[PDB]
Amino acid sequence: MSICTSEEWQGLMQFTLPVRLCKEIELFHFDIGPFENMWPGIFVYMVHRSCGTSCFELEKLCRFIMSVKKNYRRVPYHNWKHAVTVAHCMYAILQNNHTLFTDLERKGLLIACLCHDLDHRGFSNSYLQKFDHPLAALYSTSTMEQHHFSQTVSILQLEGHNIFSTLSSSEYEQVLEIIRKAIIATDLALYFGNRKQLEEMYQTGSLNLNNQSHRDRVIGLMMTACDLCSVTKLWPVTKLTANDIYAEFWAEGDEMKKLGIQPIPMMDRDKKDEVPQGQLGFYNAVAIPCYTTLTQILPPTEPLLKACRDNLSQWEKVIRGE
């Protein structure tokens, strides 16, 4: 696939985060947006503050991050910026609930977050399946998500990027499986089922964090909550992020129009007027339920739901002309 230069990872090793960001990075609403140059360095900081300064060989970690950066395409939304936004939200989740998770879970989850959309071409699973893309022949279900995990393993299996080699054989297999489940849970189709099972478990009082299956379900919803966190930022950031998401949807719809196929309104560039209504529906059907369930299981996660509710109110104000 694609490897980083020696210049790149060496510069990353030298990086020190400014003290004003130290405070701000702990906050859920933190926008990485204005600090592009610092993004690989922000990740290292997060790994170190969550797992410790010596739980990963600095050299190997820097080569990994830099190769991960390289294997993210320059698509409008599913890019390197998205990888770091998702990893930051996970960092904020882990920090506010530190001892609920194991050291192996904290490790794998931050890496799974940075790799979850690895080598995204800007096309949905529906597209790949309907136009019989080689990737759909390889992976029948959760097409992109199984490919993103394949890329993650392939970056690990690269010369001096294998950040986990120093773990036990038992521990290496576990973390690689935590990562597999985490990246697969990021397939939004799987979320709806998972969210309903967790909601029942919470209501009946049967949710037990010591139960592996229950644990894997909670991690899954954390993955979805991190993947959607752009809906959790200040209204001007959230509004701009939706422009990138729709730029990608419209580009996919344009490829269907070129084949004579009419795209769904969401992927139609001619149907922009329907976007505020589409966002309201997504917040009501997907985002609000996700953050609601996450707050019930993990009460410290509450500011995510609070900001989501604020952005929903903003979309209502766009619909009602305010």
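Numbers for residues come from their place in the sequence shown, where the first is 1. Here, rigid core means the biggest group of C-alpha atoms that superpose within 1.5 Å across both forms.
The stretch that strays farther, by root mean square C-alpha distance over structures and residues in 7 other deposited structures of this protein after a rigid core fit, is 257 to 265, when 282 to 290 is set against 257 to 265.
Between stretches 26 to 34 and 39 to 47, the one whose Cα atoms sit farther from the displayed model in 7 other deposited structures of this protein on average is 26 to 34 (core-aligned, root mean square). Look at the mean CA B-factor for 125 to 133 and for 90 to 98 in the entry; the higher one is 125 to 133. The stretch with the higher mean CA B factor, choosing between 238 to 246 and 151 to 159, is 151 to 159.
For the set 224, 170, 79, 230, the maximum C-alpha B-factor listed in the entry falls on 170. For the set 275, 42, 51, 290, the PDB entry puts the maximum C-alpha B factor at 51. When the modelled residues of the chain are ordered by C-alpha B-factor, residue 205 sits in the highest third.
Ranked by Cα temperature factor within the chain, residue 138 sits in the highest third according to the deposited record. Split the chain's modelled residues into thirds by C-alpha temperature factor. Residue 33 is in the lowest one. Among all modelled residues in this chain, the alpha-carbon of residue 187 has a temperature factor (C-alpha) in the lowest third. Among all modelled residues in this chain, the alpha-carbon of residue 56 has a temperature factor (C-alpha) in the highest third.
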